[PDB]
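Here you get one chain, nothing else, as structure tokens; it is the form deposited in one PDB entry.
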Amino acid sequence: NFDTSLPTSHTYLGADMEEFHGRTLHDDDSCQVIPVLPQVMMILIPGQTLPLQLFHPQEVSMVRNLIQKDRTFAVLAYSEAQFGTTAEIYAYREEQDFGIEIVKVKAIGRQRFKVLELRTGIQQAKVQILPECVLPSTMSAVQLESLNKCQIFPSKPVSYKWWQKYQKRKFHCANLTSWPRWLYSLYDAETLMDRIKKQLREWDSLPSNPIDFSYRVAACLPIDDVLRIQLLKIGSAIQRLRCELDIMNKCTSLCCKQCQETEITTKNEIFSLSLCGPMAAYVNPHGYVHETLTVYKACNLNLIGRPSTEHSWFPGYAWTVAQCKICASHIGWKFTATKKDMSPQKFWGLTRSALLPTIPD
């Protein structure tokens, strides 16, 4: 095998970046005016990491000044745009060697917002912060006071009766309400997270806070720009986790987005080469961003040009352009090992914008 922490540290971007201890948040429902960077297209998720490479003096100004000292710009989901996410710069290097100015930055998604107005070649967006909606348990409202003492349980051994036990003791006071234990169970952050864990385990810990967890798996899920806007629209951790379980059951195959009815890969094949997941965002040399998904097998693709390690997002591997056999539409890349001792000798990296999740039959 190879070092799984390497892809998330974006080593292909260069040697070293000055780091900033990020602590600026805007309070809920507020109206903020934030810069929007040109030619950035992606739907960015809170906690997700975003690397960039800037060449236009336009861009290079926006950031140079951003560094002092908000460090945050706005990323938009394009339908143009109804919603988006604040991204805060946590690392930055400014190379002007050969007299050519490049700015490389690593930002992280922070807050979800609703677009009010969009003014202008740099954009500034009028933006209302959407609150992260945090709810107690379903039972904390109807819970008998006498049974409060039992709400903490002995912790789970590192085994399924424990969950039957958990369900029986935590949701006991359902009897006071008009629904069963097993219903309240389907809105229980702790349960849902566990059900999601097991699926994510087949791609082999992680956050314990439901908000974080729900945002971490949100960024892993290979879905399409129209479905990504949906979860982004979602304000609740619970509804995020739920909806996320839905996709993981309902979306087994992955097809060419362009010619639509053509299978590239399946759930079975998805694996986390990156520590972060089966999917992360990566910049190419011209500054374009790709959320690429690592799979073992991929069908109906043609390979053109020569395997190359040039600017490779996976140190140790060379990339070859892969495209849909039918439509010729560029679906992603095949990665091959350069050492005969490395595990995965090949894997496919598929760009998310090129795919369409399908529920077969």
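All residue numbers are counted from 1 along the displayed sequence.
In what follows, reference is made to the form deposited with a small molecule bound, a form of this protein that is not presented.
Tell me which of 178 to 186, 138 to 146, 107 to 115, 205 to 213 has residues with heavy atoms within 4.5 angstroms of the small molecule in the bound PDB entry? Answer to the contact question: 205 to 213.
Does residue 248 reach the small molecule in the bound PDB entry if we count a contact as any heavy atom within 4.5 Å? Yes, contact at 4.5 Å.
Taking heavy atoms only, is residue 191 within 4.5 angstroms of the small molecule in the bound PDB entry? Looking in the bound PDB entry, residue contacts with the small molecule do not include residue 191, since no heavy atom lies within 4.5 Å.
Check whether residue 129 has any heavy atom within 4.5 Å of a heavy atom of the small molecule in the bound PDB entry, and answer yes or no. Heavy-atom contact with the small molecule at 4.5 Å: absent for residue 129.
So, residue 252 and the small molecule: in the bound PDB entry, are they within 4.5 Å at any heavy atom pair? Contact check for residue 252: yes, within 4.5 Å of the small molecule in the bound PDB entry.
Of the residues 123, 272, 82, 151, which one places a heavy atom within 4.5 Å of the small molecule in the bound PDB entry? After the contact test, the surviving option is 272.
Report the residue, out of 237, 276, 231, 76, that has at least one non-hydrogen atom within 4.5 angstroms of the small molecule in the bound PDB entry. None of the others qualify; the residue that does is 276.
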